[PDB]
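As structure tokens, the structure follows; a few thoughts come after it.
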Amino acid sequence: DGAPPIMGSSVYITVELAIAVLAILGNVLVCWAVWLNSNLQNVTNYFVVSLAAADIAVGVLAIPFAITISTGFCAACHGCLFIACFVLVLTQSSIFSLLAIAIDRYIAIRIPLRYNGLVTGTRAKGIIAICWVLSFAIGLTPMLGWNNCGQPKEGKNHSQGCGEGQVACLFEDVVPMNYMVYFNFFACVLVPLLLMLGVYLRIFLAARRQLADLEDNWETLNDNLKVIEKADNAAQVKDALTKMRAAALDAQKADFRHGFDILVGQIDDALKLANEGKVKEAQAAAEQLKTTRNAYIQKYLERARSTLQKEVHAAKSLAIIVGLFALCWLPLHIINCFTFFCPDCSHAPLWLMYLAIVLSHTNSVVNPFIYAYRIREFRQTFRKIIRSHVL
Ligand SMILES: CC(C)CCC[C@@H](C)[C@H]1CC[C@H]2[C@@H]3CC=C4C[C@@H](O)CC[C@]4(C)[C@H]3CC[C@]12C
Ligand SMILES: CC(C)CCC[C@@H](C)[C@H]1CC[C@H]2[C@@H]3CC=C4C[C@@H](O)CC[C@]4(C)[C@H]3CC[C@]12C
Ligand SMILES: CC(C)CCC[C@@H](C)[C@H]1CC[C@H]2[C@@H]3CC=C4C[C@@H](O)CC[C@]4(C)[C@H]3CC[C@]12C
Ligand SMILES: Nc1nc(NCCc2ccc(O)cc2)nc2nc(-c3ccco3)nn12
Ligand SMILES: CCCCCCCC/C=C\CCCCCCCC(=O)O
Ligand code: NA
């Protein structure tokens, strides 16, 4: 006996087709927004586009291939291997794009004055092409001989009535589990995911250190200003001015040049007076500094804080994407670890296998939602496309 397999199969196929439709629609919208709006045309979004192209291919190719391989149909083993492994190419390309985004945002926060010269559109395109080539090589490695085509399941192949050179096309009969666990999961997925966690940690720490340094320079300027006011010795005001000059030159190195020239000029004026013994003439000259800091230094410090907060909010938005990739793909990899490392364990049931596959495919739908919710420039362009082109 047993429930007709077509019943559970019809649920699985319908759900896969629903995911395919949404993965295509949302990611086409991402590509159309970057094409239309020049504000979205930057190196970071070229990797966003490469990632959207990989998710479009999940809907157009990997999902029809997943439906085909679920039937266990008779096929030449290398044809079967191509259908089984093509999704691993798209997943590897997604990992390289995510890793590129992380390093791009790290270079922007650590060396912003050298960013536009080091990270160019031409260099990004070249990196995108190399990454797509490497993804085909990694994902299709079983086709080079690391496969179970040489050890066919004779009982399964006669039961389904396959011909000569043909196998019943089932993922776990043709793709070796040692490839899936050691090579694909540990080396190609887990290692870059941990590298990305490291890069994001370094982004947040760099921003936190840069923000604390800005605030320190600001309080150093205001503290020593009060030290000059409540002083009595010419060398006492001379020490507070020398400590202000250092904090002023460090704030400049982190219309703009005009405001700092007035400030450093005024410090140098009040310094020459203090060095000549004129303490009261120095203290009155230092009282003028309060007008310069309120008219130029407070505005520059506020704009530098706002830019850094924007980079932190943008780094968090992109980290959510890496987190959702990990959440959607880890169950399938973890199930494979149990199949491989625990031979005394019952194999995970069929319904759980197909639920883990469906969840990994759901990852190809989620990114356009993160862009729409967390990035204003994508959100506004999405609204323009829908309100005018669709409506
Ligand atoms: C460019 C896009 C639109 C076309 C993609 C081509 C796809 C559909 C082609 C290319 C290679 C093909 C496979 C090559 C070999 C075999 C072995 C055979 O025993 C059954 C069919 C099967 C498994 C083919 C199925 C279709 C296939 C996967
Ligand atoms: C739109 C343009 C650019 C792409 C056209 C792609 C063509 C070449 C693809 C799309 C679907 C493909 C077919 C899908 C299924 C099968 C059954 C298999 O047993 C042999 C190959 C065969 C018959 C494929 C041959 C090539 C095919 C017809
Ligand atoms: C949030 C995500 C990353 C964590 C989810 C982990 C999932 C994939 C884990 C948690 C508990 C796990 C199951 C625990 C028990 C068994 C029994 C064994 O005979 C086969 C594997 C199987 C069925 C495990 C498969 C993977 C499993 C379902
Ligand atoms: N283990 C596995 N199985 C399948 N499909 C076959 C599901 C199945 C498993 C056992 C069985 O007897 C019949 C069907 N797709 C799979 N995709 C992946 C994968 C992709 C990326 C990481 O893991 N692993 N994986
Ligand atoms: C920009 C588009 C990307 C084009 C890159 C494609 C180049 C393919 C490179 C390596 C593939 C290696 C896997 C071997 C495939 C075996 C083919 C076969 O005989 O079936
Ligand atoms: Na992806």
Side-chain angles (χ1 to χ4, degrees), residues 2 5 8-9 12-13 15-16 19 54 56-58 60-95 135 138-142 147-148 153 155-157 159-160 162-163 165-194 197 322-364 366:
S9 294
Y12 169 64
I13 293 158
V15 174
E16 289 279 52
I19 295 157
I56 292 168
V58 167
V60 169
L61 291 170
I63 285 171
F65 289 176
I67 293 155
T68 303
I69 203 160
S70 71
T71 68
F73 82 110
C74 300
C77 201
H78 288 78
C80 175
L81 272 177
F82 183 83
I83 277 177
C85 296
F86 187 72
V87 64
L88 307 180
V89 174
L90 306 178
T91 305
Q92 205 58 38
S93 173
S94 298
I95 282 145
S135 300
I138 291 157
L140 301 176
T141 283
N147 65 59
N148 307 313
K153 255 115 179 81
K156 197 114 65 174
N157 296 7
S159 169
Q160 292 208 224
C162 305
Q166 289 197 332
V167 294
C169 191
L170 295 174
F171 189 92
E172 287 191 18
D173 297 342
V174 297
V175 185
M177 211 51 80
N178 51 20
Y179 163 86
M180 286 313 296
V181 173
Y182 296 138
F183 195 94
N184 191 265
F185 180 39
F186 290 169
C188 293
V189 169
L190 191 54
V191 164
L193 281 179
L194 292 178
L197 171 79
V322 178
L324 290 170
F325 180 90
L327 195 78
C328 290
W329 282 100
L330 275 163
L332 211 34
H333 288 291
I334 289 163
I335 290 164
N336 287 343
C337 287
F338 275 92
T339 302
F340 185 62
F341 293 131
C342 192
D344 290 305
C345 289
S346 277
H347 193 295
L350 200 71
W351 70 264
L352 185 58
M353 294 307 303
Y354 282 99
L355 187 73
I357 289 168
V358 156
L359 175 62
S360 75
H361 295 169
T362 306
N363 181 256
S364 292
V366 300

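Reckoned from all heavy atoms, side chains included, excluding hydrogens, waters and symmetry mates. Counting starts at 1 for both ligands and their atoms, following the listed order. One is the number of the first residue; the rest follow in order along the sequence.
Considering all non-hydrogen atoms of both residues, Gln166 and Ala76 come closest at CG-N, 4.0 Å. Nearest heavy-atom pair, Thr68 versus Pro64, reported as atom, atom and distance to 0.1 Å: OG1-O, 2.8 Å. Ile335 and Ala348 get closest at one heavy-atom pair: CG2-CB, 3.8 Å. Between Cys188 and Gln92 the shortest heavy-atom distance is O-NE2, 3.0 Å.
What sits closest to atom 3 (C) of ligand 3 on the protein, heavy atoms only, is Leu330 CB, 4.1 Å. Taking atom 5 (C) of ligand 3 as the reference point, the nearest protein heavy-atom neighbour is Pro331 CG, 4.8 Å. With respect to atom 26 (C) of ligand 3, the closest heavy atom belonging to the protein is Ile335 CG1, 3.8 Å. Nearest protein heavy-atom neighbour of atom 1 (C) of ligand 3: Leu327 CD1, 4.0 Å. From the protein, the heavy atom lying nearest to atom 6 (C) of ligand 3 is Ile334 CD1, 4.5 Å. Closest to atom 23 (C) of ligand 3 among all protein heavy atoms lies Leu352 CD2, 3.9 Å. The protein non-hydrogen atom at the shortest distance from atom 12 (C) of ligand 3 is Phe338 CE1, 4.7 Å.
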List the steps and the verdict of disulfide (SG to SG under 2.5 Å) for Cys74 and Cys169. CA-CA 6 Å; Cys74 300; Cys169 191; over 6 Å; no
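Using a distance-only test at 3.5 Å, with no hydrogens or angles considered, no donor-acceptor pair links the side chain of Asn184 to the main chain of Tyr179.
Protein heavy atoms are found inside the 4.0 Å sphere centred on atom 18 (C) of ligand 3. Not a single protein heavy atom sits closer than 4.0 Å to atom 15 (C) of ligand 3. Not a single protein heavy atom sits closer than 4.0 Å to atom 9 (C) of ligand 3.
In this structure, NE2 in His78 is found 5.0 Å from CG in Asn147, a value given to the nearest 0.5 Å. Atom CG of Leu355 is separated from atom OG of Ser360 by 10.5 Å, given to the nearest 0.5 angstrom. Expressed to the nearest 0.5 Å, how far OG1 of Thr362 lies from CG of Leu324 amounts to 11.0 Å.
The aromatic rings of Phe186 and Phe341 lie parallel to each other, with less than 30° between the two planes, well short of the 60° mark. A parallel orientation is assigned to the rings of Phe185 and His333, their planes being inclined by less than 30° (bins at 30° and 60°).
Proximity to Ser346 (heavy-atom distance under 4.0 Å) selects the following atoms of ligand 3: 18 (C), 19 (O), 20 (C).
Annotation: ligand 4 has protein neighbours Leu88, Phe171, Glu172, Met180, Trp329, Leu332, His333, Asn336, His347, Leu350, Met353, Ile357, each with a heavy atom less than 4.0 angstrom from the ligand.
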